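Examination of the molecular architecture
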Amino acid sequence: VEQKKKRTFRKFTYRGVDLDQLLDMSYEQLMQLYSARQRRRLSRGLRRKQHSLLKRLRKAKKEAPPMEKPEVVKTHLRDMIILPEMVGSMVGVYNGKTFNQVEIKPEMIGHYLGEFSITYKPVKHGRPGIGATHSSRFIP
Amino acid sequence: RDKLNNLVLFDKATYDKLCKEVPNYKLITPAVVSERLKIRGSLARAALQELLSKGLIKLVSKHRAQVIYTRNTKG
Amino acid sequence: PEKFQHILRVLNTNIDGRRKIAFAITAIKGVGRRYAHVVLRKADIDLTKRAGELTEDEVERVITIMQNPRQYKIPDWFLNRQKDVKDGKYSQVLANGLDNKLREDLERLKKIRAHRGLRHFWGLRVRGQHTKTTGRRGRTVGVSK
RNA sequence: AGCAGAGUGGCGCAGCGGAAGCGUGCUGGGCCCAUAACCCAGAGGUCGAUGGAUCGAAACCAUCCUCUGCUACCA
RNA sequence: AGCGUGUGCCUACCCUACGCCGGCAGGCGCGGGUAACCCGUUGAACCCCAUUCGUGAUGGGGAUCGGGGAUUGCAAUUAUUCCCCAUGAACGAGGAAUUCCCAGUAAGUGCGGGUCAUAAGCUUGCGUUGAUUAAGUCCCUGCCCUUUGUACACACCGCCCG
RNA sequence: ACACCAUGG
Ligand SMILES: [Mg+2]
Ligand SMILES: [Mg+2]
Ligand SMILES: [Mg+2]
Ligand SMILES: [Mg+2]
Ligand SMILES: [Mg+2]
Ligand SMILES: [Mg+2]
Ligand SMILES: [Mg+2]
Ligand SMILES: [Mg+2]
Ligand SMILES: [Mg+2]
Ligand SMILES: [Mg+2]
Ligand SMILES: [Mg+2]
Ligand SMILES: [Mg+2]
Ligand SMILES: [Mg+2]
Ligand SMILES: [Mg+2]
Ligand SMILES: [Mg+2]
């Protein structure tokens, strides 16, 4: 991550707090910076076996040689919020057929992991076919 | 539509003409006073309430959607 | 009464002194009706005046209350940028900082290339509305070859 | 090269200074059980180019260019 | 106002009073109802009575979009629904065509049931305000009965000539 | 005292 004027140094940091404190802030203290949905999610707190994904997000950034990035923790879990711990690691987020990869940046904190691999192709249109207008009907 | 450039408040010419019309008009309503001069129509209400205070016009009816005055109950 | 100068040039926008204040200052962006009424009540000035009937010692107070609201006890649930995403401030962004904040928010979204930024890039609908039978900007397509 | 006519919507054209439409073609609607006919709306303009007069033009004047008919037919 | 619904067997959820807290959505605390018994005397909307606006795409209209706060749920991103500040598009009565309607009816207006952990621009019922126009005809679109004609019977969307 | 009204997987 080469972000250098808008997150840590200079202009801005996440709601006025810098990432280095977001790495020690307890979840109860952190959910007061988050928006309503992410706060409600952690207040219900039903992290289930959404835990264990944190155990392979972590423990994959320590098997990785320094000056490089963890490889891929590919998953179906589209509804994960992005805790500041997950900053830096690479993830493969399933879209229904494919694990499209994402390199987590400190700007995605508090979005959903599903909000970074789309489920369909952005359409370019063809040419209208036989039923496309009432001007079209007849064949022998 | 159109362009009706009315006056938001009086100037001296219109202000004297508003007092020189009192004996002339049998029916006085804000809309008629809006059409005679170039008045913003919400200033005509205040002008007529002021004229009424000075006994210069006589109130014949007041309602939410309509007000009517006449010249000094004469002629 | 008192045909005095009416056209106002408040910060980066033209107000017409021919209207009432509470509906004249809404010409500025970021200032609606519900905001302008409160900004005028806190400033203790009257509310039946045309916007031209304000001498230079009222307009200044009105704008300095309009720009620093939390100083004059305007609440937080009432401001148009709350918990500012990158600085934690509470503010009303008023006239030109509004377009800058909007473009900065769209560019932030497109940078990480989230989904909202991709719908903003392709000029499509960003909320969850159907686009099969609405929007309809282009031209008619001919079916006969 | 010369005379005469014309240059305007994809195409045929109207438009005697207060200034862009007609007929056809094109695309979509209507009518009908359905197709043609018929009805409606839409799209598409450097009024050939360049200067000038005029308060103002596509129109008038001058130069040039491009099509068509007819003679000239010309080392 | 009127028609209704209300604690569910598998199935786990119902309708709410009143006190407090919060701008708001909403939260906490204690009661009633298996119901002409409690919500409920169902303080509904349009309508009625007074303010401000003034013919200006305006204080008409509320699309599109930014930022924040709640609730349901195992989970809300491709925004479930709700609340708040802001942005403020088309639209100035609609071409050729074409639908429904005779009296407590058309139209305006709100309220219940259905689906419903969450939730109506739908539909199914209820009230409330309440007109103009007709008391006819067979012209148009069709229907019924009789007489008549037919080269049709897969029945005129038929058959059939060069 | 009669405008136009062609055709059918
Ligand atoms: Mg209505
Ligand atoms: Mg209903
Ligand atoms: Mg219910
Ligand atoms: Mg319902
Ligand atoms: Mg349905
Ligand atoms: Mg019919
Ligand atoms: Mg019969
Ligand atoms: Mg017979
Ligand atoms: Mg036979
Ligand atoms: Mg036939
Ligand atoms: Mg044959
Ligand atoms: Mg026929
Ligand atoms: Mg034939
Ligand atoms: Mg034949
Ligand atoms: Mg046949």
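Definitions and cut-offs
Residues numbered from 1 in each chain as written, not as in the entry; some residues may be left out. Chains lettered and ligands numbered in written order. Part of a larger assembly, values for the part shown. Heavy atoms only, no water. UniProt positions renumbered as here; feature names shortened; annotations may be inferred. Contact = heavy atoms within 4.5 Å. Buried area = accessible area lost by both parts, 1.4 Å probe. Salt bridge = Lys/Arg side-chain N within 4 Å of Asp/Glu carboxyl O. Polar contact = N/O pair within 3.5 Å; in protein donor to acceptor, adjacent residues only side chain to side chain. Nonpolar A, V, L, I, M, F, W, Y, C, P; charged D, E, K, R; others polar. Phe/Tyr/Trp six-rings, centres within 6.5 Å; stacked < 30°, edge-to-face > 60°. Buried < 20%, exposed > 50% of the residue type's maximum accessible area, 1.4 Å probe, protein only. Helix = DSSP H or I, 4+ residues; strand = E, 2+ residues; numbered from the N terminus. Near = heavy atom within 4 Å. Pairing = 2+ DSSP bridges.

What the deposited record gives as its method is cryo-EM, and the resolution it gives is 3.04 Å.

Per the PDB entry, chain B carries the name 40S ribosomal protein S25 and comes from Oryctolagus cuniculus. Under its PDB record, the entry appears with the title "48S late-stage initiation complex with m6A mRNA". Quoted verbatim from the Sequence similarities field of UniProt, the annotation for chain B is "Belongs to the eukaryotic ribosomal protein eS25 family."

Where the PDB entry is consulted, chain A appears under the name 40S ribosomal protein uS19, with the organism given as Oryctolagus cuniculus. Recorded in UniProt for chain A, the comment headed Function (literature references left out) runs: "Component of the small ribosomal subunit. The ribosome is a large ribonucleoprotein complex responsible for the synthesis of proteins in the cell." Listed in UniProt under the heading Subunit, the comment for chain A reads: "Component of the small ribosomal subunit."

Thoughts on the interface of chain A and chain C
The interface of chain A with chain C comprises 26 residues on the first partner and 20 residues on the second. Carbon and sulfur atoms make up 58% of the area that chain A and chain C hide from each other, which totals about 1900 Å². The three residues of chain A that bury the most area against chain C are A:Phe12, A:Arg15 and A:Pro128, which together make up 29% of that side's buried surface. Across the contact surface, chain A and chain C share 1 salt bridge. In this structure, the salt-bridge partner of A:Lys11 is C:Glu104, at a minimum N-O distance of 2.9 Å. Summed over the shared surface of chain A and chain C, the result is 5 residue pairs in polar contact. Split by residue class, the side of chain A that touches chain C holds 11 nonpolar, 7 polar and 8 charged.

Overview of the packing of aromatic side chains
Under the counting rule described, the total for this entry stands at 4 aromatic pairs over all chains. Relative to B:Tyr15, the ring of B:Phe10 has its centre 6.2 Å away and its plane inclined at 50°; by these criteria the two rings are tilted. For the ring pair C:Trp77 and C:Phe78, a centre distance of 5.4 Å and an interplane angle of 70° mean the geometry is edge-to-face. Among the residues examined, C:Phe78 registers a relative accessible area of 15% and is labelled buried.

As for the pattern of salt bridges
Residue and element names in this part refer to chain C. For the coordinates displayed, the defined rule picks out 13 salt bridges over all chains. A salt bridge links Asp-44 to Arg-61; its shortest N-O distance comes to 3.1 Å. Placement of the pair is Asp-44 in the loop between α2 (33-42) and α3 (59-67) and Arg-61 in helix α3, with a sequence separation of 17 residues. By relative accessible area, which is 63% here, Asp-44 ends up exposed. Judged by its relative accessible area of 27%, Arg-61 is partly exposed. One connected set of salt bridges, linked through shared partners, spans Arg-81, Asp-84, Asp-105 and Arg-108.

Here we look at the protein's contact with RNA strand D
Around RNA strand D, a shell composed of A:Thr133, A:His134, A:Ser135, A:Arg137, C:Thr140, C:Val141, C:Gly142, C:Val143 and C:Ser144 is seen. The protein-proximal atoms of RNA strand D, defined as those within 4 Å of the protein, are 100% sugar or phosphate. Here a phosphate oxygen of RNA strand D sits 2.8 Å away from a polar atom, N or O, in the main chain of A:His134. For RNA strand D, a phosphate oxygen lies 3.2 Å from a polar atom in the side chain of A:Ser135. Split into classes, the residues belonging to the surface near RNA strand D amount to 2 nonpolar, 6 polar and 1 charged.

With respect to the pairing of strand β2 (residues 67-70) of chain B
Residue and element names in this part refer to chain B. Only one face of β2 is covered, namely the face carrying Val-67 and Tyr-69; the face carrying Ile-68 and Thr-70 is uncovered. Examined bridge by bridge, strand β1 (residues 58-62) and β2 share 4 bridges and lie antiparallel to one another. By the bridge assignment, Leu-59 is partnered in β2 with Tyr-69. Connecting β1 to the next strand, β2, in antiparallel fashion are 4 residues.

A look at the interface of chain C and chain B
The interface of chain C with chain B comprises 5 residues on the first partner and 6 residues on the second. Between chain C and chain B, the buried area comes to about 670 Å², and carbon and sulfur atoms account for 50% of it. Remark: the boundary between chain C and chain B carries 0 salt bridges. In this assembly, chain C and chain B are joined by 3 residue pairs in polar contact. Class assignment for the residues of the side of chain C that touches chain B results in 1 nonpolar, no polar and 4 charged.

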